[PDB]
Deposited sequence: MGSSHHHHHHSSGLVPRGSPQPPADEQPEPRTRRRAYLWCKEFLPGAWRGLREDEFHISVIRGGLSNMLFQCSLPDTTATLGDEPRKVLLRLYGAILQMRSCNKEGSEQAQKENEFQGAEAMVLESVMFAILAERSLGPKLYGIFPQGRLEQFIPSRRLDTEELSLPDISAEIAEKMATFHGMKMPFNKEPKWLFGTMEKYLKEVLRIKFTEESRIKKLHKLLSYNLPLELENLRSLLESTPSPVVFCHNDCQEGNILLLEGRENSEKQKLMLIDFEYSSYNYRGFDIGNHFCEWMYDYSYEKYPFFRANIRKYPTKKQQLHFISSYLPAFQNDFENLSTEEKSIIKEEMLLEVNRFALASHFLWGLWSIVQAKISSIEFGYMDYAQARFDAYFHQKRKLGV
């Protein structure tokens, strides 16, 4: 798919002035761009590279803007994210990573899950120049609840759906969750906050490799937060498939939440990646750490339900993307109460 000519010529100008070598001398008629909002920009196959410039790039078109840009640049410097080739008011030129997204069902593959754990442990070792107070989680939940209390739907169906969600007394329930998570030690670390299959790239040519085949992307929500949240949110995503092509445009299956065995496999890979010499501790000390972490992560998974449930109600009101947001909200709240119950 070709972009609008206006943006083709803007994209041409950005690539020509921000990228080195063959790009600097490129004529407009030689420029290739296609829509992946995201575009692949590329040199002609018959133009040789002059040095080490990329033959192709990703063009992403868009206080918080400052923070997102600094974060992306730092993760790029550290080789945790795609390289950053250009930044400008309207967007960014990034490294194009040959890859595909993971599907929901691949998250449980033991090699995949072990790698995700390792990649997340590395992310959580990142020092960033951002507020270290973990106020994102309840701050965001409080902010969405405020909106949800005042939503009025006009459509018959949505009015009824909102009434049911509201009948739980969400303000009181949020405070119950706050109290549970307050009594629950979890280190504050730099979190991805959205580690779903959609944001994990499987790297082309590396599919046959045991350990180095993924990259985490999409740092929109990344902030300092309870480590429990990041892992618990990830576990929750085992239950949700968003590639369903008919309404509501997702499928939920509570039965696909990782078993304690699967959770143990994941954290047995997280822990030594986070703590270099974890493997030298007494079996019962590793056991104790693992037991206490699993209780931590499953309590914080309740916050994943609550937060994304609240987020989905707000989106029902304000979004124009086609997705069964009210139904999704109900699925998340259904899982919140189900898991609250099994936990006790």
Quiz item: Which runs of the deposited chain sequence never show up in the coordinates?
Solution: 1-25, 62-67, 94-119, 402
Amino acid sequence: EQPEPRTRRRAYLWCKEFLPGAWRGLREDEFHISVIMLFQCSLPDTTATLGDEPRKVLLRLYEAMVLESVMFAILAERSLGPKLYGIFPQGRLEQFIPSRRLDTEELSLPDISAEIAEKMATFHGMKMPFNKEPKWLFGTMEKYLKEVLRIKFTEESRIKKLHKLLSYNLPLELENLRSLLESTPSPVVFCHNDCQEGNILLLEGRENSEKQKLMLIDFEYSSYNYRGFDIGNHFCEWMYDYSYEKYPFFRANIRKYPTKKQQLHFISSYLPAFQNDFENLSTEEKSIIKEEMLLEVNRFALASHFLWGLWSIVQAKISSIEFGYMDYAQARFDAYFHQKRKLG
From here on, numbers count along this sequence of modelled residues.
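Rigid core (definition): largest C-alpha set, two forms, superposition within 1.5 Å.
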Self-check item: Greater root mean square CA deviation, 151-159 compared with 129-137 in 8 other deposited structures of this protein, core aligned
Solution: 151-159
Quiz item: Fitting on the core, do the C-alphas of 174-182 or of 269-277 deviate more in 8 other deposited structures of this protein?
Solution: 269-277
Quiz item: Got a sec? Mean C-alpha B-factor, which is higher, 162-170 or 193-201?
Solution: 162-170
Quiz prompt | Of 107-115 and 224-232, the one with larger mean CA B-factor | solution = 107-115
Quiz item: Out of 69, 298, 46, 312, which one has a C-alpha B factor higher than all the others in the entry?
Solution: 46
Quiz item: With respect to the C-alpha temperature factors reported in the PDB entry, which of 82, 134, 129, 86 ranks highest?
Solution: 134
Exercise. Check where residue 305 lands among this chain's C-alpha B-factors and tell me if it's the lowest, middle or highest third.
Key: lowest
Practice problem: Just say lowest, middle or highest third for the CA B-factor of residue 96 relative to the other modelled residues in its chain. | Solution: middle
Quiz item: Should residue 90 be placed in the lowest, middle or highest third of its chain by the C-alpha B factor in the entry?
Solution: highest
Quiz item: Hey, what third does residue 325 fall into on Cα B-factor, ranked over its chain?
Solution: middle
Quiz item: Which third, lowest, middle or highest, does the CA B-factor of residue 207 fall in along this chain?
Solution: highest
